[PDB]
Amino acid sequence: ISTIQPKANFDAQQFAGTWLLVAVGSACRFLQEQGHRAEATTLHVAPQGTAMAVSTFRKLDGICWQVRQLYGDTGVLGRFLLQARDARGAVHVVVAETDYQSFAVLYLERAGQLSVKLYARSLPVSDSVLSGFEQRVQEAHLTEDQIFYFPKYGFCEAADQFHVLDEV
Amino acid sequence: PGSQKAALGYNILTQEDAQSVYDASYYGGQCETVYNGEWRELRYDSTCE
């Protein structure tokens, strides 16, 4: 893990409910090269007790796709592992900063890879939160070229029976 | 996948599949490949989104 720590006394309960992905600062060139065509990503969250049920939804080519992932508890309040589903590896996710009624900042780290996400309960996000997240990006040593903003419309709750990836 | 299933013998009286008649696994030094048209398996990377 990088020099990062969770939200103090993180509460899975209040963090529960829908979150909208605002922006992702990442070294992953996938957002760099063809960072356009990244759909408005919504993230329904529910306390799986210690774990969190985390259903990402997207419009993959306009197909509404739910991807249900367990953010499994690592054993530290506000840090999660996501099973290590496959050669995707373990993904160390930390809720670094949030107020549960408007915004949260999540850190996601993989071997040689760090990524930070800004989520908001509603859109637009406050400018103070925006610039705070941009500071978090500087503290992650990422550049402005490595911040990618996700469109504000076309959120797609309710993937059907079949467009549900259910990675677990 | 399923190539072993075509190699089975067949009991016409029972219509049960029987033990492997053909070798489902021997390649005889052939390097022949079959395009898996349904290879295209959806993945999600939470880090890259």
# chains A, B, ... in the order shown; residues from 1 in each chain; ligands from 1
call {"tool": "interface_residues", "arguments": {"of": "chain B", "to": "chain A", "cutoff": "9 Å", "atoms": "only C-alpha atoms", "output": "ChimeraX atom specification"}}
result
/B:42-49
call {"tool": "write_last_selection", "arguments": {"atoms": "C-alpha atoms", "output": "mmCIF file, in the first residue's frame"}}
result
data_model
loop_
_atom_site.group_PDB
_atom_site.id
_atom_site.type_symbol
_atom_site.label_atom_id
_atom_site.label_comp_id
_atom_site.auth_asym_id
_atom_site.auth_seq_id
_atom_site.Cartn_x
_atom_site.Cartn_y
_atom_site.Cartn_z
ATOM 1 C CA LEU B 42 -16.546 -9.504 -21.011
ATOM 2 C CA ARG B 43 -14.200 -8.316 -18.239
ATOM 3 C CA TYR B 44 -14.214 -5.285 -15.929
ATOM 4 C CA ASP B 45 -11.126 -3.543 -14.491
ATOM 5 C CA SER B 46 -12.232 -1.334 -11.585
ATOM 6 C CA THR B 47 -8.847 0.441 -11.628
ATOM 7 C CA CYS B 48 -9.023 1.598 -15.260
ATOM 8 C CA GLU B 49 -12.851 1.684 -15.264
#
call {"tool": "select_by_dssp", "arguments": {"residues": "chain A", "states": "helix (DSSP H, G or I)", "output": "list in words"}}
result
residues 12, 13, 14, 15, 29, 30, 31, 32, 127, 128, 129, 130, 131, 132, 133, 134, 135, 136, 137, 138, 139, 144, 145 and 146 of chain A
call {"tool": "atom_distance", "arguments": {"atom1": "CA of residue 158 in chain A", "atom2": "CA of residue 17 in chain A"}}
result
14.2 Å
call {"tool": "residues_around", "arguments": {"residues": "range 16-20 of chain B", "least_positions_apart": "6", "cutoff": "10 Å", "atoms": "only C-alpha atoms", "output": "number ranges by chain"}}
result
B: 4-10
call {"tool": "closest_residue", "arguments": {"among": "A:157, A:143, A:98, A:51", "to": "residue 75 in chain A", "atoms": "only C-alpha atoms"}}
result
A:51
call {"tool": "closest_residue", "arguments": {"among": "A:60, A:16, A:84, A:70", "to": "residue 47 in chain A", "atoms": "only C-alpha atoms"}}
result
A:16
call {"tool": "atom_distance", "arguments": {"atom1": "CA of residue 45 in chain A", "atom2": "CA of residue 100 in chain A"}}
result
11.8 Å
call {"tool": "atom_distance", "arguments": {"atom1": "CA of residue 3 in chain B", "atom2": "CA of residue 24 in chain B"}}
result
6.1 Å
call {"tool": "select_by_dssp", "arguments": {"residues": "range 13-47 of chain A", "states": "strand (DSSP E)", "output": "MDAnalysis selection string"}}
result
chainID A and resid 19:26 42:47
call {"tool": "residues_around", "arguments": {"residues": "residue 160 in chain A", "least_positions_apart": "4", "cutoff": "12 Å", "atoms": "only C-alpha atoms", "output": "short mmCIF file (atom, residue, chain, number, x, y, z; two decimals) with C-alpha atoms, in the first residue's frame"}}
result
data_model
loop_
_atom_site.label_atom_id
_atom_site.label_comp_id
_atom_site.auth_asym_id
_atom_site.auth_seq_id
_atom_site.Cartn_x
_atom_site.Cartn_y
_atom_site.Cartn_z
CA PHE A 57 -23.60 0.15 -13.84
CA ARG A 58 -22.59 1.34 -17.32
CA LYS A 59 -24.05 1.71 -20.81
CA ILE A 63 -26.24 -1.96 -23.08
CA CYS A 64 -26.98 -1.36 -19.39
CA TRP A 65 -24.37 -3.52 -17.56
CA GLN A 66 -24.36 -4.16 -13.79
CA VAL A 67 -21.02 -5.46 -12.46
CA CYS A 156 -28.15 3.39 -16.14
CA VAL A 164 -25.22 -8.56 -15.19
CA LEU A 165 -21.56 -9.59 -15.03
CA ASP A 166 -21.69 -10.73 -11.37
#
call {"tool": "decode", "arguments": {"residues": "range 49-79 of chain A", "atoms": "N, CA, C and O atoms", "output": "PDB file, in the first residue's frame"}}
result
ATOM      1  N   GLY A  49     -22.404  -6.485   5.290  1.00  0.00           N
ATOM      2  CA  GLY A  49     -21.730  -6.390   6.571  1.00  0.00           C
ATOM      3  C   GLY A  49     -20.358  -5.745   6.623  1.00  0.00           C
ATOM      4  O   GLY A  49     -20.248  -4.523   6.488  1.00  0.00           O
ATOM      5  N   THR A  50     -19.300  -6.538   6.823  1.00  0.00           N
ATOM      6  CA  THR A  50     -17.946  -6.016   6.651  1.00  0.00           C
ATOM      7  C   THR A  50     -17.601  -5.724   5.193  1.00  0.00           C
ATOM      8  O   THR A  50     -17.015  -4.678   4.894  1.00  0.00           O
ATOM      9  N   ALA A  51     -17.948  -6.620   4.274  1.00  0.00           N
ATOM     10  CA  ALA A  51     -17.799  -6.310   2.860  1.00  0.00           C
ATOM     11  C   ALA A  51     -18.868  -5.317   2.405  1.00  0.00           C
ATOM     12  O   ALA A  51     -19.839  -5.032   3.112  1.00  0.00           O
ATOM     13  N   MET A  52     -18.675  -4.784   1.198  1.00  0.00           N
ATOM     14  CA  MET A  52     -19.683  -3.984   0.513  1.00  0.00           C
ATOM     15  C   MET A  52     -20.019  -4.644  -0.817  1.00  0.00           C
ATOM     16  O   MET A  52     -19.131  -4.857  -1.649  1.00  0.00           O
ATOM     17  N   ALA A  53     -21.294  -4.965  -1.011  1.00  0.00           N
ATOM     18  CA  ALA A  53     -21.872  -5.083  -2.344  1.00  0.00           C
ATOM     19  C   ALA A  53     -21.697  -3.793  -3.136  1.00  0.00           C
ATOM     20  O   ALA A  53     -22.202  -2.741  -2.737  1.00  0.00           O
ATOM     21  N   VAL A  54     -20.985  -3.871  -4.258  1.00  0.00           N
ATOM     22  CA  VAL A  54     -20.704  -2.712  -5.102  1.00  0.00           C
ATOM     23  C   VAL A  54     -21.117  -3.095  -6.519  1.00  0.00           C
ATOM     24  O   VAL A  54     -20.398  -3.827  -7.208  1.00  0.00           O
ATOM     25  N   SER A  55     -22.278  -2.606  -6.955  1.00  0.00           N
ATOM     26  CA  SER A  55     -22.780  -2.782  -8.320  1.00  0.00           C
ATOM     27  C   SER A  55     -22.482  -1.545  -9.164  1.00  0.00           C
ATOM     28  O   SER A  55     -23.242  -0.580  -9.164  1.00  0.00           O
ATOM     29  N   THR A  56     -21.361  -1.565  -9.880  1.00  0.00           N
ATOM     30  CA  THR A  56     -21.189  -0.640 -10.995  1.00  0.00           C
ATOM     31  C   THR A  56     -22.257  -0.895 -12.055  1.00  0.00           C
ATOM     32  O   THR A  56     -22.572  -2.042 -12.372  1.00  0.00           O
ATOM     33  N   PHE A  57     -22.812   0.185 -12.608  1.00  0.00           N
ATOM     34  CA  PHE A  57     -23.596   0.153 -13.840  1.00  0.00           C
ATOM     35  C   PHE A  57     -23.005   1.059 -14.913  1.00  0.00           C
ATOM     36  O   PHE A  57     -22.535   2.161 -14.621  1.00  0.00           O
ATOM     37  N   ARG A  58     -23.033   0.578 -16.157  1.00  0.00           N
ATOM     38  CA  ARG A  58     -22.594   1.343 -17.315  1.00  0.00           C
ATOM     39  C   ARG A  58     -23.536   1.070 -18.480  1.00  0.00           C
ATOM     40  O   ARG A  58     -24.257   0.072 -18.498  1.00  0.00           O
ATOM     41  N   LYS A  59     -23.520   1.974 -19.463  1.00  0.00           N
ATOM     42  CA  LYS A  59     -24.045   1.707 -20.808  1.00  0.00           C
ATOM     43  C   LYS A  59     -22.954   1.247 -21.776  1.00  0.00           C
ATOM     44  O   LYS A  59     -22.508   1.983 -22.656  1.00  0.00           O
ATOM     45  N   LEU A  60     -22.526   0.001 -21.611  1.00  0.00           N
ATOM     46  CA  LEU A  60     -21.640  -0.592 -22.606  1.00  0.00           C
ATOM     47  C   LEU A  60     -22.304  -0.566 -23.979  1.00  0.00           C
ATOM     48  O   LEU A  60     -23.219  -1.350 -24.242  1.00  0.00           O
ATOM     49  N   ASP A  61     -21.854   0.331 -24.858  1.00  0.00           N
ATOM     50  CA  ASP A  61     -22.452   0.513 -26.187  1.00  0.00           C
ATOM     51  C   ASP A  61     -23.953   0.789 -26.118  1.00  0.00           C
ATOM     52  O   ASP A  61     -24.693   0.513 -27.064  1.00  0.00           O
ATOM     53  N   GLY A  62     -24.411   1.335 -24.997  1.00  0.00           N
ATOM     54  CA  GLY A  62     -25.820   1.462 -24.692  1.00  0.00           C
ATOM     55  C   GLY A  62     -26.465   0.264 -24.034  1.00  0.00           C
ATOM     56  O   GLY A  62     -27.651   0.334 -23.692  1.00  0.00           O
ATOM     57  N   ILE A  63     -25.737  -0.832 -23.852  1.00  0.00           N
ATOM     58  CA  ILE A  63     -26.241  -1.964 -23.082  1.00  0.00           C
ATOM     59  C   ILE A  63     -25.969  -1.720 -21.601  1.00  0.00           C
ATOM     60  O   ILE A  63     -24.817  -1.569 -21.184  1.00  0.00           O
ATOM     61  N   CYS A  64     -27.036  -1.616 -20.823  1.00  0.00           N
ATOM     62  CA  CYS A  64     -26.982  -1.362 -19.386  1.00  0.00           C
ATOM     63  C   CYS A  64     -26.351  -2.550 -18.654  1.00  0.00           C
ATOM     64  O   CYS A  64     -26.976  -3.610 -18.551  1.00  0.00           O
ATOM     65  N   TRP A  65     -25.119  -2.402 -18.142  1.00  0.00           N
ATOM     66  CA  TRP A  65     -24.369  -3.520 -17.556  1.00  0.00           C
ATOM     67  C   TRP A  65     -24.043  -3.250 -16.088  1.00  0.00           C
ATOM     68  O   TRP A  65     -23.227  -2.380 -15.773  1.00  0.00           O
ATOM     69  N   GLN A  66     -24.685  -4.018 -15.210  1.00  0.00           N
ATOM     70  CA  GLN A  66     -24.362  -4.159 -13.789  1.00  0.00           C
ATOM     71  C   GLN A  66     -23.181  -5.094 -13.545  1.00  0.00           C
ATOM     72  O   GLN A  66     -23.191  -6.235 -14.016  1.00  0.00           O
ATOM     73  N   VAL A  67     -22.162  -4.624 -12.830  1.00  0.00           N
ATOM     74  CA  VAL A  67     -21.018  -5.462 -12.460  1.00  0.00           C
ATOM     75  C   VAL A  67     -20.954  -5.474 -10.934  1.00  0.00           C
ATOM     76  O   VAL A  67     -20.333  -4.613 -10.309  1.00  0.00           O
ATOM     77  N   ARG A  68     -21.605  -6.470 -10.325  1.00  0.00           N
ATOM     78  CA  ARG A  68     -21.612  -6.675  -8.873  1.00  0.00           C
ATOM     79  C   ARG A  68     -20.286  -7.219  -8.340  1.00  0.00           C
ATOM     80  O   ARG A  68     -19.925  -8.365  -8.622  1.00  0.00           O
ATOM     81  N   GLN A  69     -19.553  -6.403  -7.581  1.00  0.00           N
ATOM     82  CA  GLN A  69     -18.294  -6.806  -6.960  1.00  0.00           C
ATOM     83  C   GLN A  69     -18.434  -6.672  -5.449  1.00  0.00           C
ATOM     84  O   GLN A  69     -18.920  -5.649  -4.956  1.00  0.00           O
ATOM     85  N   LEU A  70     -18.016  -7.709  -4.724  1.00  0.00           N
ATOM     86  CA  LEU A  70     -17.622  -7.604  -3.317  1.00  0.00           C
ATOM     87  C   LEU A  70     -16.313  -6.842  -3.144  1.00  0.00           C
ATOM     88  O   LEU A  70     -15.238  -7.352  -3.475  1.00  0.00           O
ATOM     89  N   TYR A  71     -16.402  -5.619  -2.619  1.00  0.00           N
ATOM     90  CA  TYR A  71     -15.279  -4.969  -1.939  1.00  0.00           C
ATOM     91  C   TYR A  71     -15.123  -5.631  -0.572  1.00  0.00           C
ATOM     92  O   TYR A  71     -15.520  -5.101   0.468  1.00  0.00           O
ATOM     93  N   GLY A  72     -14.530  -6.822  -0.584  1.00  0.00           N
ATOM     94  CA  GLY A  72     -14.270  -7.569   0.631  1.00  0.00           C
ATOM     95  C   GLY A  72     -13.352  -6.882   1.621  1.00  0.00           C
ATOM     96  O   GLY A  72     -12.295  -6.355   1.262  1.00  0.00           O
ATOM     97  N   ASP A  73     -13.773  -6.891   2.884  1.00  0.00           N
ATOM     98  CA  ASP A  73     -13.012  -6.286   3.971  1.00  0.00           C
ATOM     99  C   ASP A  73     -11.624  -6.902   4.090  1.00  0.00           C
ATOM    100  O   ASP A  73     -11.481  -8.118   4.252  1.00  0.00           O
ATOM    101  N   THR A  74     -10.602  -6.047   4.011  1.00  0.00           N
ATOM    102  CA  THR A  74      -9.216  -6.455   4.205  1.00  0.00           C
ATOM    103  C   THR A  74      -8.881  -6.725   5.667  1.00  0.00           C
ATOM    104  O   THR A  74      -7.830  -7.314   5.942  1.00  0.00           O
ATOM    105  N   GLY A  75      -9.731  -6.309   6.600  1.00  0.00           N
ATOM    106  CA  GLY A  75      -9.401  -6.293   8.010  1.00  0.00           C
ATOM    107  C   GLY A  75      -8.975  -4.958   8.577  1.00  0.00           C
ATOM    108  O   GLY A  75      -8.465  -4.919   9.702  1.00  0.00           O
ATOM    109  N   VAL A  76      -9.165  -3.867   7.840  1.00  0.00           N
ATOM    110  CA  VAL A  76      -8.923  -2.518   8.335  1.00  0.00           C
ATOM    111  C   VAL A  76     -10.130  -1.684   7.940  1.00  0.00           C
ATOM    112  O   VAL A  76     -10.560  -1.721   6.782  1.00  0.00           O
ATOM    113  N   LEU A  77     -10.677  -0.935   8.894  1.00  0.00           N
ATOM    114  CA  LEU A  77     -11.940  -0.251   8.653  1.00  0.00           C
ATOM    115  C   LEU A  77     -11.814   0.770   7.530  1.00  0.00           C
ATOM    116  O   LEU A  77     -11.135   1.790   7.683  1.00  0.00           O
ATOM    117  N   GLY A  78     -12.467   0.505   6.401  1.00  0.00           N
ATOM    118  CA  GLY A  78     -12.334   1.338   5.224  1.00  0.00           C
ATOM    119  C   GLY A  78     -11.282   0.921   4.221  1.00  0.00           C
ATOM    120  O   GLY A  78     -10.941   1.728   3.348  1.00  0.00           O
ATOM    121  N   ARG A  79     -10.746  -0.294   4.313  1.00  0.00           N
ATOM    122  CA  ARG A  79      -9.887  -0.838   3.269  1.00  0.00           C
ATOM    123  C   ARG A  79     -10.408  -2.185   2.789  1.00  0.00           C
ATOM    124  O   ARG A  79     -10.919  -2.983   3.580  1.00  0.00           O
TER     125      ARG A  79
END
